[PDB]
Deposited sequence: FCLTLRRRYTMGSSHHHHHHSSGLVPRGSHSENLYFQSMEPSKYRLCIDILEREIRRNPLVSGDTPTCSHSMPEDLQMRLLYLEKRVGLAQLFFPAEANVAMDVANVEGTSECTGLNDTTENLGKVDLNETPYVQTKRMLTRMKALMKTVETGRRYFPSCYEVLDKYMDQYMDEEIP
């Protein structure tokens, strides 16, 4: 269906997200480092971004729109299957980096929460 928005809200939001995405390609302290093991890094990112949506739905969904998470699938030829996981990991990571940059007070809450899994 096609709807007429005289205030162009959907389109204004798309321009904002694009300004946020661009403003980081160009141009809050954390308590731990993410796992170096790539499988564990993926699992860590899935848990953290999933918690961001539960604790901070609007902030999370802004960061995920900046990161383009909506294309990706949660965790055919193996080349493209693994590229899917890599693409998912890149977007989860960009979500976290966007939260760190624009929602620092959310990031510090999620940083203390994820520290409990780190040791």
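Gaps between the deposited sequence and the modelled coordinates occur at 1 to 31, 59 to 65, 114 to 129, 174 to 177, listed in sequence order.
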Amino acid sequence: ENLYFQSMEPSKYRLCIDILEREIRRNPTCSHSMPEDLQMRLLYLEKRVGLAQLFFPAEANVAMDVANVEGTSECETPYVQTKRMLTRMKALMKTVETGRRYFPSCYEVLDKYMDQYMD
From here on, numbers count along this sequence of modelled residues.
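On average the C-alpha atoms of 80 to 88 have higher B-factors than those of the other stretch, with 54 to 62 and 80 to 88 being the two compared. Annotation for 100 to 108 versus 17 to 25: the higher mean temperature factor (C-alpha) is found in 17 to 25.
Within the listed group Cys30, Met40, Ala67, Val49, the record reports its top CA B-factor for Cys30. The PDB entry assigns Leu3 a C-alpha temperature factor belonging to the highest third of its chain's modelled residues.
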